[PDB]
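# Close look at the chain arrangement
Here is what each chain is made of, one letter per residue.
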Amino acid sequence: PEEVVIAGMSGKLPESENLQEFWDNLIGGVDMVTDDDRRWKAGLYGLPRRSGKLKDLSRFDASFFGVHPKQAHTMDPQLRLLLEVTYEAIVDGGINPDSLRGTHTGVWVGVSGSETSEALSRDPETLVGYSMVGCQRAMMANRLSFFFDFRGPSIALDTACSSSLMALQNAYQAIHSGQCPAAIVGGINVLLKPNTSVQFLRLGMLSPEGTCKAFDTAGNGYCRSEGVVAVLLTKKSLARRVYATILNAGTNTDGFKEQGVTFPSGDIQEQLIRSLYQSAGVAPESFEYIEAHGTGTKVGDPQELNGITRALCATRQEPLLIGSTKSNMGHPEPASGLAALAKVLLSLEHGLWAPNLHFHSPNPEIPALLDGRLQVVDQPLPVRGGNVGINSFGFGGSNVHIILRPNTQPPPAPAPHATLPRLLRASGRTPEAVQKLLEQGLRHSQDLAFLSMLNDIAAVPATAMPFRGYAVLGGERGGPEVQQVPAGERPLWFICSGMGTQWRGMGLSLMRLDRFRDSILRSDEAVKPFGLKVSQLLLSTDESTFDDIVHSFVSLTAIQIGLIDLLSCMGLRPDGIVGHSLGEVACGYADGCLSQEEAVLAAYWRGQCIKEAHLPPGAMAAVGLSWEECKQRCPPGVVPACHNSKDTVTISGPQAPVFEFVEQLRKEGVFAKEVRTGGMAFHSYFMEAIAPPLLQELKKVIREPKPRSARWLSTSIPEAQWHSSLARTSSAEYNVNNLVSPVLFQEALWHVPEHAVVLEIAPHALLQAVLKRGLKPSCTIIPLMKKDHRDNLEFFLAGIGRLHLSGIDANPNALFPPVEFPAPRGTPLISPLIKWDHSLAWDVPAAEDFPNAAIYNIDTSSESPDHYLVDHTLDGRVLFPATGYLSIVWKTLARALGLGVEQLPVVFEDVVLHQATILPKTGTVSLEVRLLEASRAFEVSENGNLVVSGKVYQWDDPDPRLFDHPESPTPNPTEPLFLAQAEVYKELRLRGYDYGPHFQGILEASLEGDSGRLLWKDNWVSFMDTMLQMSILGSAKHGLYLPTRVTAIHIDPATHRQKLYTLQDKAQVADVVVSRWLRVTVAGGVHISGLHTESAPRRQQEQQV
Amino acid sequence: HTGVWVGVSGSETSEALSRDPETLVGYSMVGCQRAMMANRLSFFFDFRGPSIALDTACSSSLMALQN
């Protein structure tokens, strides 16, 4: 069939957000297993404390993939992370994902768990339907097919711990047989349900130490880990980056075994190895590295390594290297194969084999390791070069083996175009993504294939990725440009300036691009028989070279044609063309009305015919007077020739009349500037004699005219007669009339639709000011070149970048020689450079949602999220805030009803704090919360002692009126002074309150203590405690009074979010009012009523003596 | 070299058996694991080929037939 290549790769692995972190850990030896308490409490049910745990599971860019917020919450974490990983993998290989939409690509996902689905279907009465369309195993690949629009098969294998490699093998077979052009093979595994770990523990597969000491005597069993990995398998004809070539891949099962289903058989593994390598036609001597399964079991390791020895070490002298990524990252059950593939491919990319951890002495039951035939990579070793093999054996019996040929592509030899600046274009969700891609490209400005791949993946629609930026590399005056992209398509227009724009040495900077030089040479061929060559003028060094009219016109038209040729390479078809009279020849080119040869010859003949005719010198000057005003102001024999804009209207005529008009304007003071054209007044009645010879010559030149497109807007003939015969098709008559009839440029500019993206196609952006004023305010001029600029190529690339920032998609790769593929080895990974919009935090099921009242562990340790409690020190000892209990009850009620706290307005009633809980300096205090939904009552207990009691229930009908601030009893009109934060907390300290920084929230408070402002952060406890502090501040009583009862508390989160108003800084604040007459403390969306505080005796610890 | 392609889209027995952390038997996984819907058949009948448990919903059986 056809070759199958690993073209891309992406994945999240333990303690590593991207493959770059995975490699940084592999080489550096950082063990990726940890003793954290993330998934569940360590030691629960006797399980090992160690496990492979991903850094996060709650980040997901829902808006990108079109998942509504309600569906995103119920979606499986594996599915979300796999969608992101798959997109990262597809763009890793330089393939724009849109180039695969609508094709026959397939999705094979190896998944062996549905914990989230079980968690979401626990409560039959409140379960939501879409939980099934996001938690089913089938959707693990069907969602990918739906979003990416792959028409190939969508299968979700299980195959009992070999799912990833089995999916890889199925994709390989599909691509080999021609059923599919490409495949997306992914592996997913997340540890959420402790009961599965307990089952594996009972089977004896796990290890008490959580270390997979593969290939070692102390091997006992593996430690479960997590991992989401995706690879892009494509046929060679469609790939850009080649990590390796799958020479052959196969699967077989152990069959029947006497010992049991779960006992591995080495004979079957040996047979699989031998069959695949023989079928591929390889020789065992070629293999250099074998990525063993390497679980680390007393039984599995001998079987597997003896199989590898009997299969590949039969007759080879030099030893065979062995490795196992499970020593580092643990064992991802279904995703194990793809993790090993990632390790192997990264090792090949960097030219080193990552060291294996936890290997000191070999297993005495493996003769190979004790001998020298089989060697383990205990320290980094350079890659000498050879084939590689990967084997993944599930405990059910399924065996998978793949043979990889590493990509050995030498770096491209230096070429002349290497020095030339190359343009880079990036698109992204957030400015950070664009800046990351730009910086990565900047660090590698000399990597042509890398820059081409980046430029390929950046052509994503602006709606999906509203941030774009360009960074011209290799230029001395270079830097990133980043700006937001407006939505909606914007028209692309062209402008071709007149005969004024000309300078000595134009086009040399652009002569280096192949397309431009080819176009200039074609123009020279068009003009060669006449007697001049455009390139001769360009390479020339005389200032007077271009002061000849014929030379000027020929060179200008040739350069404009070259610019249009460069534009057409990138795929830009103008939606409107409008040019000044020398320019229209080029405008004729833009629409296909004029052939290149015709246009160049026409320019030469215009220049000549102007040359032959001898007329009295006539100076054309543009004066700052309105077109209509110049109509009468223009002296007899002088007419307004060009209508540049409303402010400025060019006028031409005899040199003496024009000088007289200039003098008169100087007397008036109006802007009277005289241009230089060698005493020639264009678009004036003087040229009326030139036409006849020009008429004949052009009739000879343009043989069969062509229709004028609706895009072109002729400024030679007013808009009234745009349907006449004269302007129906370009010909000698049209060009002659343009050379004679006055220019109506201002008339056409009005027709440019609002939000257009204009391009000034000319050697100099002379009409930049004219376009900036005349055209509507919201249009972008985008000039291609500049006069006397040292390197016009950089300016042109910057102009293309500004096109990129306007929405129009142009590819700068077409402007340079193509990059042969596959790309050279060592081309940097692109997957790590992609970043998403992870502002939101979606739900991930907890370990207490599966079968086994609510209990909360208050750990004040540094890492614990409850660390802020260490600032609630009263009497010199840390106490749990009274409002802390309310948050616990709120969360428990929210979990009971099924809502979140932000979505659950609550009403506490008759709260009694029976005793105070002291938070120990070391350790934890466990608080239980019990509810009686029928009675609407709650009890918080601590070691069997009652702590808090009261009533809690959802607020059926919140009323925002309840939080309107009562009119203060004291007008306080003067308000001369107010207490700052420092002063309020100094007073509280003197009373005996030692609140730390976290529990300091009163930005200001009135002298009477009846009003103020409460700072808002993500924490409710701090906010409500600051309300209680405001209540206490105005009290005259001395000594620290602590709450003992509350009669009513209302929380309405919606009104709260509406009440917050940001200060001039970035801080969010809420106004507070305390009414001691009414016994209400109302601040933001909270309402405390009937607070009672009782004096607490001072601890008399009297630590000071 | 015979192979087994079994179309299964449910693991209810896995959930019921693994509800009690302090009484769950180890071999509940062998008989209730989804992949065991084909590996067990291969083990008993001594089939040395593929053993895969597809998961496409409403079409797992016919997808297995196609494979």
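Criteria and thresholds
Residues numbered from 1 in each chain as written, not as in the entry; some residues may be left out. Chains lettered and ligands numbered in written order. Part of a larger assembly, values for the part shown. Heavy atoms only, no water. Residues with missing side-chain atoms left out of burial classes, pairs and counts. Helix = DSSP H or I, 4+ residues; strand = E, 2+ residues; numbered from the N terminus. Buried < 20%, exposed > 50% of the residue type's maximum accessible area, 1.4 Å probe, protein only. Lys, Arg positive; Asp, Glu negative; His and termini not counted. Charge placed at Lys NZ, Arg CZ, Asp CG, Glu CD. Expected span 1.5 Å × (residues − 1). Contact = heavy atoms within 4.5 Å. Buried area = accessible area lost by both parts, 1.4 Å probe. Salt bridge = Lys/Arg side-chain N within 4 Å of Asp/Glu carboxyl O. Polar contact = N/O pair within 3.5 Å; in protein donor to acceptor, adjacent residues only side chain to side chain. Nonpolar A, V, L, I, M, F, W, Y, C, P; charged D, E, K, R; others polar. Axes fitted to C-alpha atoms, helices over the stretch in contact; angles between N-to-C directions. Parallel < 35°, antiparallel > 145°, perpendicular 65-115°, else oblique. Core = buried A, V, L, I, M, F, W, Y, C linked by side-chain atoms within 4.5 Å. Arc of directions from axis to C-beta.

Assigned secondary structure in chain B consists of 4 helices and 2 strands. In chain B, the order of α-helices and β-strands from amino to carboxyl end is β-α-α-α-β-α. Seen through its principal axes, chain B has C-alpha atoms that stretch 40 × 30 × 10 Å. Considering chain B as a whole, with its 67 residues, one finds that 46% of them fall into the buried category. Distance between charge centroids for chain B: 8 Å, based on 4 positive and 6 negative side chains.

Residues and elements named next belong to chain A. Over its 13 residues, helix α11 (residues 300-312) runs 18 Å from end to end, which matches the ideal 18 Å to within 8%, given 1.5 Å per residue. For α11, the buried fraction is high: 10 of the 13 residues fall into the buried class. Taken together, the buried positions of α11 are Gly 300, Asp 301, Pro 302, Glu 304, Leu 305, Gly 307, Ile 308, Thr 309, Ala 311 and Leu 312. Close packing links the buried residues of α11 with α10 (266-280), β7 (287-291), β8 (320-323), α14 (367-370), β10 (374-376) and β12 (387-393).

Next up on the list: the interface of chain B and chain A. Across the boundary between the two partners, chain B contributes 39 residues, which contact 41 residues of chain A. For the pairing of chain B and chain A, the buried interface totals around 3200 Å² over both sides, and the portion due to carbon and sulfur atoms is 60%. When the buried area of chain B at its contact with chain A is split by residue, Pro 21, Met 29 and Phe 43 of chain B rank highest and sum to 21% of it. Linking chain B to chain A there are 0 salt bridges. The interface formed by chain B and chain A contains 14 residue pairs in polar contact. Put simply, the parts of the chain that give the side of chain B that touches chain A at least two residues each are α2 (28-32), α3 (36-45), β2 (51-54) and α4 (60-66) of chain B. Element by element, the count of residues in the side of chain B that touches chain A is highest for α3 of chain B, at 5 residues. Its residues assigned to classes, the side of chain B that touches chain A shows 16 nonpolar, 14 polar and 9 charged.

Moving on, we get to the packing of helix α30 (residues 981-991) of chain A against helix α31 (residues 1020-1033) of chain A. Residue and element names in this part refer to chain A. Axis separation between α30 and α31 bottoms out at 11 Å; the angle between their running directions is 75°. Judged by the inter-axis angle, α30 sits roughly perpendicular to α31. Along its contact with α30, which presents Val 984, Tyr 985, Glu 987, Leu 988 and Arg 991, the element α31 presents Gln 1029, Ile 1032 and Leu 1033. The residue makeup of the contact of α30 with α31, split by class, is 5 nonpolar, 1 polar and 2 charged.

A few words now on the nonpolar core. Residues and elements named next belong to chain A. Core analysis: the largest hydrophobic core is formed by 103 residues, its most contacted members being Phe 745, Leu 771 and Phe 796. Among the elements that line this core, the one with the most residues is helix α19 (residues 549-570), at 13 residues. When sequence neighbours within four positions are dropped, the list of residues in contact with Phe 796 reads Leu 510, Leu 563, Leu 566, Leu 567, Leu 784 and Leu 815. Membership of the second largest hydrophobic core comes to 64 residues, among which are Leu 869, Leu 904, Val 1074 and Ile 1088.

This brings us to helix α24 (residues 691-701) of chain A. All names here are of chain A. All of the buried residues along α24 are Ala 691, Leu 694, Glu 697, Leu 698 and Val 701. Around the axis of α24, the buried residues are gathered within 130° of arc, so they sit on the same side. Elements that come into contact with the buried residues of α24 comprise α21 (596-612) and α25 (732-740).

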